[PDB]
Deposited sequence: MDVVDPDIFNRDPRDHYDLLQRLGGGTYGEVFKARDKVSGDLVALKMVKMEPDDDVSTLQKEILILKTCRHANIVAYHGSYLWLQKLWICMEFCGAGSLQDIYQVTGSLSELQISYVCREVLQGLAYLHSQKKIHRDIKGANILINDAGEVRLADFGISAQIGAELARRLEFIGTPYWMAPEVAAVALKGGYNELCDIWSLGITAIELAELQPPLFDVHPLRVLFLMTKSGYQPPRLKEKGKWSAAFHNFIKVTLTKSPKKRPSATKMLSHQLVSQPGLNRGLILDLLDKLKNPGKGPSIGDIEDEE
């Protein structure tokens, strides 16, 4: 039920949390109670279909999972869609590791297991996250791990159609690849393996190499998937987790459900207490 009210009548915007081409995300406060929410402001276009928006917003509402940022309703006011979500007080793992430094292997194991639970849920609903990275993994003050449920409207769709070009002369099989864009559900599994190296080393592999060079090497017959830099620092289970998630061929890359049975994320002692320790380090180094 997309409310046709201005969210600024119920919420005070307190802080710009992030943003990009799509719009902005804010920390907001209920003017009456004082509860904290995250409000995602998405710029609509005049050509965007309301039917598609109602379909996406209805499925978003019924897509309940503990590792997915909670949906609290949405507002549609003056060409702007505002999605109201649960606020995660610590921000992203990128926000955290930029102060705390690299995460321990047990902390990464817990993060990976929670992300894999969220990914198994999305993939069961025929969804693809498409952007697994430290910046997109949220942590609340309880040490819990959340992914946000998402690009197919407004300025992000306008920009993607500008990359694709005019479609009038495109054969249908070219149009189909331009819609999909290489994304398949197993691309989130590769992205999680890169994110695990990112949490361990504060950068993804090849961060200092020019993006075109990276893209080129990736598309060459015989590309070597990246690995952890310090071998001795990490267990054999962590090296193997990176090895199987970074399987080059998507036909051989394990699914999220299969990855949930891997030794690294199946081990005992993986709980939010590991992240409460990380959050303590954030307060006082």
Where are the gaps relative to the deposited sequence? 1-6, 157-159, 295-307
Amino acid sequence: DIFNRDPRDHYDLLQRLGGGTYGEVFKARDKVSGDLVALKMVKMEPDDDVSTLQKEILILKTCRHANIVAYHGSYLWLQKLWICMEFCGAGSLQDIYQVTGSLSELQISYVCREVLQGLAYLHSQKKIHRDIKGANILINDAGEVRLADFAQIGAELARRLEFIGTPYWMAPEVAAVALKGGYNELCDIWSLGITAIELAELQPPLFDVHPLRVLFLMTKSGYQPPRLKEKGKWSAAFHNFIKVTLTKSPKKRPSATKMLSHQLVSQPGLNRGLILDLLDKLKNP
From here on, numbers count along this sequence of modelled residues.
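The term rigid core refers to the most C-alpha atoms you can superpose between the two forms while keeping them within 1.5 Å.
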Relative to the presented form, and with the rigid core used for superposition, do the C-alpha atoms of 235-243 or of 54-62 deviate more in 5 other deposited structures of this protein? 54-62
Core fit done; bigger CA RMS in 5 other deposited structures of this protein for 275-283 or for 2-10? 2-10
Per the entry, higher mean C-alpha B factor between 78-86 and 116-124: 78-86
Greater mean Cα temperature factor according to the PDB record, 209-217 or 140-148: 209-217
Looking at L93, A200, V177, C187, which one carries the largest C-alpha B-factor according to the PDB entry? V177
Out of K40, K258, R64, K243, which shows the largest CA B-factor listed in the entry? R64
For the chain shown, is the CA B-factor of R272 in the lowest, middle or highest third of its modelled residues? lowest
By the record's CA B-factor, is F26 among the lowest, middle or highest third of residues in the chain? lowest
Rank-wise, by C-alpha B-factor, drop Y223 into the lowest, middle or highest third of its chain. highest
Going by the entry, which third of its chain does the Cα temperature factor of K248 land in? middle
For the chain shown, is the CA B-factor of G165 in the lowest, middle or highest third of its modelled residues? highest
